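Structural features, examined
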Amino acid sequence: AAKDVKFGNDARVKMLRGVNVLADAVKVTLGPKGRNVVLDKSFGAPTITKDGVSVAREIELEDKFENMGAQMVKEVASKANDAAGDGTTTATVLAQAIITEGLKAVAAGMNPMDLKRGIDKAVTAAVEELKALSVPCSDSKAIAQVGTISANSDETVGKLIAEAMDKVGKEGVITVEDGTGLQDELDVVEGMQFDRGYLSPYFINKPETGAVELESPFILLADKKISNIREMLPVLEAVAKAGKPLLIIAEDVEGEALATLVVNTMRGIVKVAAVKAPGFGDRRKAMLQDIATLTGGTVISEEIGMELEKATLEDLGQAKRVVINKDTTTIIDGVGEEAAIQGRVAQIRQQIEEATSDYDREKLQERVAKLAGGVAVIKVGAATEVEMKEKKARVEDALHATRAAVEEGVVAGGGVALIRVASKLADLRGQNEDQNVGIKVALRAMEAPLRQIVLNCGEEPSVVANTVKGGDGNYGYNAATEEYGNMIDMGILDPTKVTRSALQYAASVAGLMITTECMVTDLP
Amino acid sequence: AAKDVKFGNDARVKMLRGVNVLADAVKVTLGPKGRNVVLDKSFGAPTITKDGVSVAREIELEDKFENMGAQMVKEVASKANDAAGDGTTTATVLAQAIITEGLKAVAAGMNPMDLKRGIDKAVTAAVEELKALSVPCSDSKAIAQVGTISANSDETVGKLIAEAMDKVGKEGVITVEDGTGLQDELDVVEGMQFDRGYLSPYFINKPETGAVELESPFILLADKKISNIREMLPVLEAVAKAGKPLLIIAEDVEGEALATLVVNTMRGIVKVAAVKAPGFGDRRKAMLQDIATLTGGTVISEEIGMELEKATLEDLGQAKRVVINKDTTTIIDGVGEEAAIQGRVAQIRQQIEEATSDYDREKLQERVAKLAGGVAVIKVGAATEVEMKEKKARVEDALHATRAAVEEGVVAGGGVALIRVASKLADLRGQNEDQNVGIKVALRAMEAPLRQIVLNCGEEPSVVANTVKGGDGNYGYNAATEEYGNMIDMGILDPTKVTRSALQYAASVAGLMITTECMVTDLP
Amino acid sequence: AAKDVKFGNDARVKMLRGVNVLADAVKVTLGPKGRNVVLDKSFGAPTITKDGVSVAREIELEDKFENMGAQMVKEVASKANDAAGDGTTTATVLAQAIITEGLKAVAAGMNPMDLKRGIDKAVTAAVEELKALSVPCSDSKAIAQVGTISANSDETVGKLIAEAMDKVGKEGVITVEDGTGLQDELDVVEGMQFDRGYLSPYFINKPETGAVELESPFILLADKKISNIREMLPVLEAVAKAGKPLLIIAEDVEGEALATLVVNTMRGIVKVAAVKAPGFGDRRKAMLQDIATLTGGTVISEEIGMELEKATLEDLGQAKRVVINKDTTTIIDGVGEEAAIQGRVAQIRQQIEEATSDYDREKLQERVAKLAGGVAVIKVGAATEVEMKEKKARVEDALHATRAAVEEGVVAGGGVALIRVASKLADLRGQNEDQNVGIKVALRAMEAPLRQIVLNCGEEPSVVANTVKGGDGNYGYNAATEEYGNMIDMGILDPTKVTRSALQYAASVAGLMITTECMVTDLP
Ligand SMILES: Nc1ncnc2c1ncn2[C@@H]1O[C@H](COP(=O)(O)OP(=O)(O)OP(=O)(O)O)[C@@H](O)[C@H]1O
Ligand SMILES: Nc1ncnc2c1ncn2[C@@H]1O[C@H](COP(=O)(O)OP(=O)(O)OP(=O)(O)O)[C@@H](O)[C@H]1O
Ligand SMILES: Nc1ncnc2c1ncn2[C@@H]1O[C@H](COP(=O)(O)OP(=O)(O)OP(=O)(O)O)[C@@H](O)[C@H]1O
Ligand SMILES: [K+]
Ligand SMILES: [K+]
Ligand SMILES: [K+]
Ligand SMILES: [Mg+2]
Ligand SMILES: [Mg+2]
Ligand SMILES: [Mg+2]
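About the thresholds
Residues numbered from 1 in each chain as written, not as in the entry; some residues may be left out. Chains lettered and ligands numbered in written order. Part of a larger assembly, values for the part shown. Heavy atoms only, no water. Residues with missing side-chain atoms left out of burial classes, pairs and counts. Near = heavy atom within 4 Å. Polar contact = N/O pair within 3.5 Å; in protein donor to acceptor, adjacent residues only side chain to side chain. Areas by Shrake-Rupley, 256 points an atom, 1.4 Å probe, with all protein chains shown as cover. Helix = DSSP H or I, 4+ residues; strand = E, 2+ residues; numbered from the N terminus. Nonpolar A, V, L, I, M, F, W, Y, C, P; charged D, E, K, R; others polar. Donors = N, O, S within 2.8 Å, 3.2 Å for Na, K, Ca; no water. Buried < 20%, exposed > 50% of the residue type's maximum accessible area, 1.4 Å probe, protein only. Pairing = 2+ DSSP bridges. Axes fitted to C-alpha atoms, helices over the stretch in contact; angles between N-to-C directions. Contact = heavy atoms within 4.5 Å. Core = buried A, V, L, I, M, F, W, Y, C linked by side-chain atoms within 4.5 Å. Salt bridge = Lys/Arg side-chain N within 4 Å of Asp/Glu carboxyl O.

For this deposition, the record names cryo-EM as the technique by which the model was determined and cites 11.9 Å as its resolution.

The name recorded for chain A in the PDB entry is Chaperonin GroEL, from Escherichia coli BL21(DE3). According to its PDB record, this entry is titled "In situ structure average of GroEL14-GroES14 complexes in Escherichia coli cytosol obtained by cryo electron tomography".

This is the structure in structure tokens:
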């Protein structure tokens, strides 16, 4: 199609316009007194949110060049959310500041590539300064403080997050879902629990709750399909001689074997329950091996050279507790040597280190948690569905910030650490005066977050920034309290990863935008 | 459909308009201080690029006559990128200069074919002068310098390119892909490696990394399908008697044979690993023959008159190392006579010389590299995706320029070589005064590259061109440094192939355009 | 649909408008200083061409009356290109002149049918005069001159055409294709060659070249599909006893026979190569009979009453050389009596004389060339694709003109012969003063070509035409040289067929167009 071509100042003005529109839409949610943004939904009611990336992702402009600017600036928020899950609004504000300063530097007729070089140098120095200024976030108090800061000053969310990591541990998995009541709740599960119920309600040994209870039972891990009873007469006789319950974790059990087992349960011969093997395919085999390791048994598969008829008591795993219900089976305290369990979790961690997809990494981490860690479920409770969405978004932001703080430490929140970095980097000079101008662009830029946080609170961004600059260390301005003091002491902790990634992505997008001279787009 | 027909001056003005629009869009990226262009993408965010052909290929004009002008001038950039992969912006600038001068000459009422003849004569003489002025580029310093020049003054890209060429060698293959971190990395593989993993995780002899290790093993190259164990009882017994590991590179292994082999591995009988034969079809047979030559074995195929049951230890290839993982198998230091390997690579090179498609040539060169050379992979690391694209484009341009410089030598960069050629070709005269006008058209034209390079730097193209003309040899104007000096000294090297091809394509397009008088296009 | 109807002068003005538009578009490429035209291509790049029929075929007008006038005048160029392949622009100019003069006469009360009668009489007399003035073009110098004239003053094209005709001969076939380099090349093939490679790479006795070489081999021509080896046990044993190589030109060879033959090759028993029979269907049978005649063998078919098992050494053709590669097999110096070969080519020539389709005629001529003549391939080399197209069009025009000159002789080029004819026909009178007006119309008309050729050179068409008329014989005006002299001596030779056909078609279209009084067309 025929193309519209822009050169020089027109394209730069269009980028500035799109960036300014997107940043103005996003930044109103920054800081403790940032307000909410409601996004129209064609299919359903409009959604109320405070997350900056959510607001940024819904921005599109009729003007094609300004649309280009909005798209290129949205990458900062997108990548900031992708990396740490927090500071997306701070990332957008930083990007807008860098874009503004660099464009007005370009307007002087001066070389844009040298501006990009200076901005990159200054931002690398800023990342180093932030890493040096990072202080570890390991205590539950600091975790709760980080969660509160990221959840828009919500102590309950940070407290629940710290409790989840404390109960579950570092190697466990913590997830957030919607609740049924008006309050949040936390559930912790240890051991292996897989979403596989009993294959027959007649296996239920307690009609009051409809559950199957197995005390110190054998576990037959069949990596195969059980179709005929004849394949498992030997193991059934072995179980009957042993007299202990049996749990058959198989791919599935057909009608004949299921009928025989349910008959034998109420005939008093063998107390046998049958459940399906969790997972599908290679993940099913991996989970079966995990169950074998934790229960000290051998998975029954034809691919290794053994048959179900040849299986004996040794090939049967053992566990202290087997809980079964309509949906889930939990194997609690299986007899498993810690050597095999730790070897298996080491193999899973090695696979994690060679896992690129986040889904595979999460599944492997959940497998480790079932083997060694735990599973936490946090249900969000409130009255309405918009409150569902907003509170869940705040909880997820708090969880991301808490994890980032745990893994990388904390720094003074509210843009105070960035002001300290700017003070420490006022001496940086590049290859020429042009890279010096780029460095000064970055230095003027990273003071934007505190200024915008204060602006959302209705106070003076300039006076606050000047007073914070006159201070040192963690001295700064609590925007929720509107008072000058130490950010670390009064709980204003920002993850170092969040700020560092936000600044890096903002700089990377803005420096390349600086060198723009021309656009080719479609005709309106 | 009804056709719009133009004649004479209006049509030539339309061609000049389209050429000027396309050249103005392209030339902003020329020179070390050239700026880059952001191109809007309908599917995704706009892409920031500095490659001239990339900007040229996105140009389309609403006016059908100017659209034809843009299309006909785009051929210069397209062919320049196709030939050497660099100098596309220089090609576009040269084409625009030749078009402008030739159309101006036509505006005087003089025969256009005489301009075409004079331009062709002058450009042929210029190609001869560039070939004579070409100095070889074999040292790694010159290669790194060429890469830096083509990568928009990036020393790291040229250094990595020189390192890859040195480690891998001349007959190897070097490729560039995107990385995962923020920095570029280089990986070199010597020997033979094919993307085939083990057919069973039970073949893994090291659960820590999930890999199969075979030390001094036999190699059974089956150019067939292995279905029954009975076909390989003789070779299995021979391997067991030998006691050395075995690697079966076959088309595929079914369930029965795979189960038997995995059983025998953990039963201690034979340490056997099975992988699929790389390639599909005739290329699979060629790769199997390559493996046979490198490992000194015989490929097992029914088309030659021998059977798998009749195969013995002699038909089994041997190698010092066999590495297998989930995806790849490397045969390291196979026992292969250099006579057979060199004959095979000679046959592959003969096929290359009779290979028209670039894909077939690349595959054959990769086969030679596996047999004799190596494989280099350069991962581009940076914060954002637009930086992915821009840095990878710069790296690819640098790689193309370095290869062109290695194969054809270097000349003084920044358009100095063309100015020297113009000084040496000021005496050329054609069949008539009109062909002399065409020669002067070409002579005025090839001074355009330095002028545009300096213009992108904000200095005086005319003063710079005059000062360079007053100089001699490689004396010129470093546009990045903005200083006069010998371009060879500070590393401003341009491949002779790049400039020669660019000038040839520009002249060939422009000379044929000049003789145009009439236009037939569709009605708007 | 409702029809728009025109009568009398308005319809004739519409005819003249369409004719004039098409002729003005076409005639800009006439003569040595004719221009080039760029035609817009919706699917691909616009094409630069100088061929008159190519420009004519792309002309369409919005006005339906002028559009149908353009359609009827396009028939002159179309038929001129169909007949001789050259002089299409001359045909268009002649048609425009005849149309203009006839319409001018009609406007004065002329009887249009009498104009048609007089024009036909004068043009028939002109054709007779051109035939009488034709001088044979048999020397390679005249052929090269004709090619140069038709290739827009390109000596190389005419020289290559003459060389191809000399090497290949009169009964051979010469074709023009695009090359890979920057220069034209000529390849001549004698004997017979068919595009069939070896059926197995194991047949290759020369792996360095990947070719099957057979010295004094038997030739088994199987007009059948061979499936089982048992069919060639007799002839395989006969060949083994003979000990000479064997080439099986069959419809195809299946897996069992191919495997047995490839086994027997490397076993040193029989040197057997297998290739597919060229052609499909009746043409395959004819080509197999051609191979039998040239190699002195018998084609093995079931339709005659003999079987492959009953075939002996006598049924096997013999030859001196058999060349096979991945694609082609050539039989060089087959032992074939000239009686059978000449009888076969006589039958093919008889089929040619009864062949209406040009494709069948070309295939039969190629069969004769394989049996008796040769095959020439001329590759066009140049930098760009538009130059591919333009140079190939010039080469094809030169080839057509050279063939027409060889078959019918030459006359003075540049419209000089037409002026001589007009001078010789100034005395022709028809049935009445009306047919005299028609004759004068034609006489005024055929002086147009030289006038337009000179007009394309920027000189005076009237002064040039007057000076040429004042001359005699081949005295005329070299428009490329702009000098008066003999056309024949300086190499401006025009094929008599080209000019005669052009004039005939122009007269036939124009005389009928003159007799029109009413138009019926669609409503806009
Ligand atoms: N009491 C406070 N005093 C000063 N600054 C504060 C205070 N509470 C929060 N902040 C700052 O305000 C910001 C928190 O705003 P908010 O959580 O809405 O957005 P964000 O951290 O930029 O990212 P996201 O859009 O992903 O939620 C951080 O920069 C934080 O340091
Ligand atoms: N320091 C320098 N001083 C002078 N000229 C330079 C310098 N560095 C590069 N050049 C010139 O500038 C040009 C390099 O620009 P650039 O690499 O962007 O485009 P290109 O070589 O025309 O091709 P492409 O569009 O394929 O990248 C070359 O003509 C080179 O000779
Ligand atoms: N040097 C010359 N001096 C005079 N007339 C010439 C000269 N060279 C060519 N001509 C004339 O010019 C014409 C050749 O032009 P051109 O080959 O472009 O078109 P054409 O022969 O009419 O047909 P086509 O359109 O098929 O190419 C012929 O009439 C030829 O006699
Ligand atoms: K926010
Ligand atoms: K460029
Ligand atoms: K022509
Ligand atoms: Mg936040
Ligand atoms: Mg370049
Ligand atoms: Mg012609």
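Here we take up the site of ligand 3. Residue and element names in this part refer to chain C. The immediate surroundings of ligand 3 are formed by 24 residues, with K50, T88, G414, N478 and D494 found nearest. Within the backbone of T29, one N or O atom sits 3.0 Å away from an oxygen atom of ligand 3. One of the side-chain nitrogen or oxygen atoms of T88 is found 2.8 Å away from an oxygen atom of ligand 3. Protein coverage of the free-state accessible area of ligand 3, which is 620 Å², stands at 96%. For the shell around ligand 3, the secondary-structure elements that each account for two or more residues are α4 (88–106), α6 (140–150) and β15 (475–478). No other element matches the three residues that α4 contributes to the shell around ligand 3. In the shell around ligand 3, the residues fall into eight nonpolar, 11 polar and five charged.

All names here are of chain B. Taken together, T29 (O), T29 (OG1), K50 (O) and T89 (OG1) make up the full set of protein donors to the potassium ion (ligand 5), lying 2.8 to 2.9 Å away. Counting the intervening residues between successive donors of the potassium ion (ligand 5) yields the motif T-x20-K-x38-T. The metal-metal distance between the potassium ion (ligand 5) and the magnesium ion (ligand 8) is 5.1 Å. Highlighted residues: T29 in the loop between α1 (9–27) and β2 (36–39) and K50 in the loop between β3 (47–49) and α2 (52–56), separated in sequence by 21 residues. A relative accessible area of 3% places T29 in the buried class. By relative accessible area, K50 is classed as buried at 15%.

This next bit is on the site of ligand 2. All names here are of chain B. Taken together, 24 residues lie around ligand 2, and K50, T88, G414, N478 and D494 are the ones closest in. The contact in question runs from an oxygen atom of ligand 2 to an N or O atom on the side chain of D397, over 2.8 Å. Within the contact set of ligand 2, a nitrogen atom lies 2.9 Å away from a backbone nitrogen or oxygen of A479. Alone, ligand 2 offers 630 Å² of accessible surface; in the complex the protein occludes 96% of this. If you list the elements that add at least two residues to the shell around ligand 2, you get α4 (88–106), α6 (140–150) and β15 (475–478).

Here we come to the sheet that holds strand β5 (residues 185–190) of chain B. Across a sheet, paired strands are connected by hydrogen bonds in the backbone, their directions being either parallel or antiparallel. All names here are of chain B. The mixed open sheet is built from three strands, whose spatial order is β4-β13-β5. Each edge of the sheet is formed by a strand with only one pairing partner; in this case those strands are β4 (173–178) and β5. Adjacent strand axes in the sheet meet at a mean angle of 20° when their direction is disregarded. One ladder, built from six bridges, connects β5 with strand β13 (residues 374–380); its direction is antiparallel. Paired with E190 across the bridge in β13 is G374. Contacting β4 and β13, helix α13 (residues 385–408) crosses the sheet at an angle of about 165° to β4.

All names here are of chain C. Pairing of β15 with strand β16 (residues 483–486) involves four bridges; the strand directions are antiparallel. Residue pairing across strands places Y477 opposite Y484, the latter belonging to β16. Linking β15 back to β16 in an antiparallel pair, the connection comprises four residues, with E482 at a positive phi of about 60°.

This paragraph deals with the nonpolar core. Counting residues in hydrophobic clusters, the biggest one holds 83 residues, and the most contacted among them are A:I98 and A:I99. The residues contacting A:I98, other than those within four sequence positions of it, are A:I119, A:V441, A:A445, A:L503, A:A506, A:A507 and A:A510. Counting 79 residues, the second largest nonpolar core, distinct from the first, contains C:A80, C:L130, C:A422 and C:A507.

To continue, consider the pattern of salt bridges. One pass over the full model with this rule turns up 97 salt bridges over all chains. For B:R367, the salt bridge identified is with B:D290, shortest N-O distance 3.2 Å. Of this pair, B:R367 sits in helix α12 (residues 358–371) while B:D290 is found in helix α10 (residues 282–295), placing the two residues 77 residues apart along the sequence. On the basis of relative accessible area, B:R367 is assigned to the buried category, the value being 11%. Residue classification places B:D290 among the buried residues on the basis of a relative accessible area of 0%. The salt bridge involving C:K225 is made with C:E254; its shortest N-O contact spans 3.0 Å.

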